[PDB]
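Next up: a single chain in structure tokens, the form deposited in one PDB entry.
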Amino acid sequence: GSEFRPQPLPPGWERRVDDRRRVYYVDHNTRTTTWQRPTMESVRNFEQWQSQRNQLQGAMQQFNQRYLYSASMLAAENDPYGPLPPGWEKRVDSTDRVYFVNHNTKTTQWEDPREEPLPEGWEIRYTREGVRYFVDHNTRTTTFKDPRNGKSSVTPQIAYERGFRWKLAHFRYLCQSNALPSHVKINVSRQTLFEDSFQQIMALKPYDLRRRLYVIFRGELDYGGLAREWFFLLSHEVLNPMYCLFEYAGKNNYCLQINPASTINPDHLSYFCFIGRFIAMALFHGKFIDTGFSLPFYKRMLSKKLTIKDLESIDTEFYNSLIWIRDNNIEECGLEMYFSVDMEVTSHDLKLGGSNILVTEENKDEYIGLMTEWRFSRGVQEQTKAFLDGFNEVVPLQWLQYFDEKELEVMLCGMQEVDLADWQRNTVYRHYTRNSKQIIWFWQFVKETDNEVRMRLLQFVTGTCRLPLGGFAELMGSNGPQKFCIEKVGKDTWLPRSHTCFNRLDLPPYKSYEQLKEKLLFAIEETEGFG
């Protein structure tokens, strides 16, 4: 009774057997090739992709304006004594270091950081008056007690800021301290970049990817921009449907994820390794990519734990399914769930012997536990390991230790200047009008702040630092087009929530600009979790 009712092959497509009797398919049209039986559906994804990855001619021009980040040596002082207190600059003369305190116009020959380098993870800072304090990125705390001398100054202590500049300058250094000499030659044709890039990288030992990068495109320059270019194109190139590597959670190109069916491709692990070494290489040589993984993917890289609000980002209908079971009686409601999942079709047991354990109130929380874990890692575990190991042999993941996921995404992706007019014209208000005090204040906040907090605000709401390609008018959600939207919720004692799939900032009606600036800034900086 209907053993096979699939689609026929679209004309211009031949099924084949290879030298070992696997089955592959050949788009006679595009003169291309895939392991995965085509539907007339998936071709329009490929067409949705060929349109992306052909029209990206001018995506390049913006993506180089993107090379705003941190004027590397021009703005990265990881001096081991640490910084000069405010108003102090360092100087030299007869090859002898003098110190000027512009704060006072005196001049010492003694460095004011009085000799004993401080432990892994700690940063010295000073204050608008001058007092030295200490920032502990191993716990995101700030005591006044020096880690070495147990010492201090009377106390009235300080709130934690993240120090990205400093966490980055320590990364840059770690990368250049392990860089090898000579160069590694990457030779690719534009028509075959990928197949090409894959084979080369995957034939090198990992250390060689740490030599200088000499990329050249057969038939065409500056070595630097070609490296920018290579990473740009190749980042879009692994996204290509015919390879079966990644799918997407929501419609269009929303919420990129490892496809669990990539196993139809018998080399998929070697590609996740390849893709893995590729992202590491981009970081290690200070080049951006543009593939855009989801924030809970970066969290697995940091090996932080995947909470239930990360689940809201990647499958909004599955997360509502779990919240409902969590906040309502399920003996009251007539369904019959067990500790297993049907997903290709095979029943996998969240727990030992799950498939014959009824989900009762007694254990519905343990169910929601396992359910969340499974959702994040259904069928893509090797794929993930493959990628992480591929990454790890080129940049050891431990070098990422003091980064949160929303920093790890600015290090890969870029950091463009946000167009403030385009943002506010293409913003929609639920339970506000453009004359609402919280809304006027919100854009005063946005004009008044700086670009790094604008990026984090955007990461907090939409889930990504990448502004979409066609203005904020084309910003996308999990159900397709979904403009940035600010919505009045609760009273002034609440905290801002975010709904990443609908690009919705839930913004309580605060009684002042000062309270709003505060309550909000805290929310966009807050990262839960530890790795």
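Note that residue numbering follows the sequence shown and begins at 1. Only the largest set of C-alpha atoms that superpose within 1.5 Å between the two forms is called the rigid core.
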- Query: Do any residues of the deposited sequence lie unmodelled between residue 220 and residue 221, and which range holds their number: none, 1 to 3, 4 to 9, or 10 or more?
  - Reply: 1 to 3
- Query: Relative to the deposited sequence, how many residues with no modelled coordinates occur between residue 344 and residue 345 (none, 1 to 3, 4 to 9, 10 or more)?
  - Reply: 4 to 9
- Do the CA atoms of 293-301 or those of 424-432 have the higher mean B-factor in the entry? 424-432
- Message: Mean CA temperature factor from the deposited coordinates, higher in 280-288 or in 352-360?
- Response: 352-360
- From 396, 206, 369, 113, the top C-alpha temperature factor is at 113
- Item | Of the residues 475, 68, 485, 495, the one carrying the largest Cα B-factor as recorded | 68
- Grab the CA temperature factor for residue 158 from the record and place it in the lowest, middle or highest third of its chain. highest
- Task: Would you please rank residue 414 by its C-alpha temperature factor against the other modelled residues of its chain and give the third it falls in: lowest, middle or highest?
- Result: middle
- Message: Considering every modelled residue of the chain and its Cα B-factor in the PDB entry, is residue 125 in the lowest, middle or highest third?
- Response: middle
- Please rank the C-alpha B-factors of the chain's modelled residues and tell me whether residue 320 sits in the lowest, middle or highest third. lowest
- By its CA B factor, does residue 390 count among the lowest, middle or highest third of the modelled residues in the chain? lowest
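Below, we turn to the form deposited in another entry, even though it does not appear here.
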- Task: Would you indicate which listed residue, out of 318, 81, 173, 443, moves its Cα by 2 Å or more between the shown form and the other one relative to the superposed core?
- Result: 81
- Is residue 494 one of the residues whose C-alpha moves 2 Å or more between the shown form and the other one after the core fit? no
- By the 2 angstroms cut-off, has the C-alpha of residue 328 moved between the shown form and the other one once the rigid core is superposed? no
- Does superposing the core leave residue 363 with a CA shift of 2 Å or more between the shown form and the other one? no
- Say whether the C-alpha atoms of residue 466 and residue 74 sit closer together or farther apart in the other form than in the form shown here, given that their separation changes by 3 Å or more. closer
- Which is it in the other form for the CA atoms of residue 407 and residue 68, closer or farther than here, knowing they shift by 3 Å or more? farther
